[PDB]
K.L.:
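A single structure is presented below for examination.
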Amino acid sequence: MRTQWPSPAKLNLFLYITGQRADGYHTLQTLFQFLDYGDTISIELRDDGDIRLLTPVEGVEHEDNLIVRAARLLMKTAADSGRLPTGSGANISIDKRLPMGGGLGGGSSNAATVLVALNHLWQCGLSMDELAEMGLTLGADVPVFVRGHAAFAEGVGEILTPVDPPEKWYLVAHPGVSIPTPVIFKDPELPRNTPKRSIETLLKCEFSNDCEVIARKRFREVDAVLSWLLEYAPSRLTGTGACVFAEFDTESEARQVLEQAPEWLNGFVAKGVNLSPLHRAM
Amino acid sequence: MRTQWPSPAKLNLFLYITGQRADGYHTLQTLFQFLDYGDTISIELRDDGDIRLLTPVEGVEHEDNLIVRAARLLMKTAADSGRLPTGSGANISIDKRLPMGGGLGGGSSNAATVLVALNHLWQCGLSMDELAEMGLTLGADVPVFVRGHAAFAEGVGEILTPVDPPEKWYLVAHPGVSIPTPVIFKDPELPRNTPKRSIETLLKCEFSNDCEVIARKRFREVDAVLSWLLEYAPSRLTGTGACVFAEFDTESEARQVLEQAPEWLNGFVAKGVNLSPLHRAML
Ligand SMILES: Nc1ncnc2c1ncn2[C@@H]1O[C@H](COP(=O)(O)OP(=O)(O)O)[C@@H](O)[C@H]1O
Ligand SMILES: Nc1ncnc2c1ncn2[C@@H]1O[C@H](COP(=O)(O)OP(=O)(O)O)[C@@H](O)[C@H]1O
């Protein structure tokens with residue numbers, strides 16, 4: 001039989017870069033909230049051990065797809081501890097709505113959703129801790145999606161504390177430019193020394209994204225989108241860009257501004273949700 | 001009173017790059033063993049809450065030193081979970097023998113030793129898991145040093161399985177070139193698709209380091225050292241370089257080859273040990 005599984009977007013409501021190790025990896029303090037909007041993943045079980053992604057994702061080959069990578073990692077990890085019933089396989093299809101990149105975390109969401117879904121359908125019986133561990137090897141943000149709650153992330157992205165930030169409505173704009181994450185993280189002007197602070201401190205401070213000053217400066221398209229939206233509401237970069245979000249108390253106000261937006265904002269409106277649509281449909 | 005604390009070197013006996021995430025981070029499968037050789041960190045407790053590093057490290061600012069970063073992170077973490085006695089502080093001095101970088105893990109080791117030593121001396125009682133967690137925020141290799149045993153490391157460097165590889169003797173050479181880790185990791189020709197395999201598979205395969213082919217080609221001083229050493233013994237890059245190690249069954253044979261070595265090898269000899277000298281001193 002066929003099952004459907006949400007793969008929501010996220011926003012980083014705040015993102016602080018606390019340090020960079022000698023190998024180049026940046027430590028962060030960041031707050032994740034889900035959008036009630038995203039991809040939908042359909043799965044049909046197989047009993048011949050095969051994994052198939054039936055829907056190509058534009059510009060990614062089958063075996064590099066995070067969906068396939070996640071399913072094969074789960075398969076291999078389970079099998080190595082005798083947790084994988086013989087024949088365990090799946091046909092996987094994605095209704096893909098989230099942009100590629102943008103800082104909405106679509107790739108990580110897809111991998112989280114696949115691990116959680118297949119763990120359940122194959123009855124591998126892995127813990128959420130185990131799924132989150134494994135997921136972190138595939139994408140920086142997979143653990144927040146696997147665990148399913150709005151969360152303050154630190155450590156190397158593995159330390160997650162649930163929080164319940166305001167479930168606002170957002171106008172999420174996608175400036176017409178591609179920003180690969182390394183492009184921002186290699187920038188010499190990137191802040192990399194924001195003081196580590198408590199969740200109690202951060203939650204009461206003004207929210208900002210340390211990547212924003214850089215993305216705005218290097219990419220005119222982000223500067224244009226941000227300038228346009230700040231005339232209406234507090235608006236920030238999510239992830240390492242390019243996407244930018246404007247916060248509103250109600251759907252009507254968000255959509256009021258959307259209807260005034262130029263086409264080049266490539267905007268949509270969605271509500272922040274603290275429990276993931278994945279886990280909710282569970 | 002003054003206590004002394006080993007901060008040993010490591011070698012990666014093998015290092016496989018299994019993948020790279022969208023954010024640029026590379027996942028690895030690698031085997032660590034310690035050297036019975038390294039830095040020594042001396043600590044004197046303070047009761048006024050200060051942290052001082054009395055010995056500056058070449059080219060590294062006080063507050064950018066991983067010794068200071070690690071001491072301050074523990075203090076904050078203990079204080080906020082109510083596990084730091086009032087006034088806990090320390091004077092810290094390092095007898096620094098390890099090169100800067102080189103793939104011997106000196107910075108990570110210094111940070112691990114500080115965490116372990118100050119956790120013990122201030123009586124905070126943080127677990128090894130907590131100390132390894134904290135440590136991984138400071139350096140990629142801190143967890144192996146905190147947990148104190150030769151180990152197979154995977155995950156994002158947090159998943160450590162004890163292993164007992166052969167305690168060989170090594171001639172460790174330092175080609176005369178600086179290799180920042182990011183330069184190797186950003187290279188387009190670096191392997192990033194080595195199949196993730198089981199520890200049993202790995203332990204019974206030929207050992208290699210996926211970074212070596214890049215380091216050799218970009219920095220021919222590394223190519224020189226490797227070529228010279230490979231005439232005498234199996235030899236490989238450690239970490240992302242520049243250091244290269246050659247393995248030997250005995251100290252005599254290793255020092256015999258050292259004796260013949262040209263000056264530009266900048267070599268020393270040390271024995272691999274599976275229990276960290278830090279943890280051995282604490283027995
Ligand atoms: N199913 C997938 N969805 C999105 N990106 C994918 C997928 N599979 C592989 N990728 C690759 O990995 C990157 C992930 O980017 P993104 O969609 O923002 O996800 P995330 O930010 O969660 O990693 C993309 O650049 C893309 O080339
Ligand atoms: N006490 C320290 N010893 C060595 N390196 C340090 C120290 N403090 C900071 N560093 C930084 O770490 C890098 C060198 O790394 P290395 O000495 O091999 O240890 P590791 O690679 O394990 O951090 C340099 O960029 C240096 O500036």
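The chains referred to below are lettered A, B, ... by the order of the sequence lines, with proteins before strands, and numbering in each begins at 1.
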K.L.:
Examine distances only and state if a side-chain atom of A/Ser276 and a backbone atom of A/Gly148 form a donor-acceptor pair shorter than 3.5 Å.
P.N.:
no
K.L.:
What's the verdict on salt bridge (charged side-chain N to carboxylate O under 4.0 Å, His left out) for A/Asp23 and A/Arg21, showing C-alpha distance, side-chain angles and the deciding distance?
P.N.:
CA-CA 5 Å; A/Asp23 69 343; A/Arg21 320 191 299 201; 2.8 Å; yes
K.L.:
Side chain from CB out, backbone as N, CA, C, O: work out which of these in B/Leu73 comes under 4.5 Å of a heavy atom of chain A, or both, or neither.
P.N.:
side chain
K.L.:
Report, by ascending residue number, the residues of residues 157-164 of chain B in heavy-atom contact with chain A at a distance under 4.5 Å; give 'none' if the set is empty.
P.N.:
B/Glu158, B/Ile159
K.L.:
Hey, could you give me the CG/CG distance between A/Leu104 and A/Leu98, rounded to the nearest 0.5 Å?
P.N.:
6.0 Å
K.L.:
Quick one: closest heavy-atom pair of A/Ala242 and A/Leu237, and the distance?
P.N.:
O-CD1, 3.8 Å
K.L.:
Measure the shortest side-chain to side-chain distance between B/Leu74 and B/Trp122 over non-hydrogen atoms and say whether it is less than 4.5 angstrom.
P.N.:
yes
K.L.:
How far apart are the closest heavy atoms of A/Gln29 and A/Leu202, and which atoms are they?
P.N.:
OE1-CD1, 4.0 Å
K.L.:
Side chains of B/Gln20 and B/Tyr25, heavy atoms from C-beta outward: is any pair under 4.5 Å?
P.N.:
no
K.L.:
For chain A, which residues from residues 181-191 of chain B have at least one heavy atom closer than 4.5 Å to it?
P.N.:
B/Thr181, B/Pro182, B/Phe185, B/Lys186
K.L.:
Where do B/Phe245 and B/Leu11 come nearest, in terms of heavy atoms and distance?
P.N.:
CG-CD1, 3.6 Å
K.L.:
Under a 4.5 Å cutoff for heavy-atom pairs, which residue among A/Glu154, A/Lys196, A/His26 has the most contacts with chain B?
P.N.:
A/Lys196
K.L.:
Looking at B/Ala78 and B/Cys124, what are the two nearest heavy atoms and their distance?
P.N.:
CB-SG, 3.8 Å
K.L.:
Over all heavy atoms of both residues, which pair between B/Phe219 and B/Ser178 is shortest? Give the atoms and the distance, please.
P.N.:
CE2-O, 4.2 Å
K.L.:
So do the side chains of B/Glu61 and B/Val68 get within less than 4.5 Å of each other, counting heavy atoms only?
P.N.:
no
K.L.:
Any pair with a residue in residues 66-85 of chain A that passes side-chain hydrogen bond (donor to acceptor under 3.5 Å, both in side chains), sequence neighbours left out, goes on the list, sorted by first then second residue, please.
P.N.:
A/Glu63-A/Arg72, A/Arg83-A/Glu130
K.L.:
Are the side chains of A/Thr238 and A/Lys10 in touch, meaning some heavy atoms are under 4.5 Å apart?
P.N.:
yes
K.L.:
Going by residue number, which parts of residues 134-146 of chain B are within reach of chain A, meaning a heavy-atom gap below 4.5 Å?
P.N.:
B/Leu136, B/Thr137, B/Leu138, B/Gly139, B/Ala140
K.L.:
Got A/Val172 and A/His174 here, is their nearest side-chain heavy-atom distance under 4.5 Å?
P.N.:
no
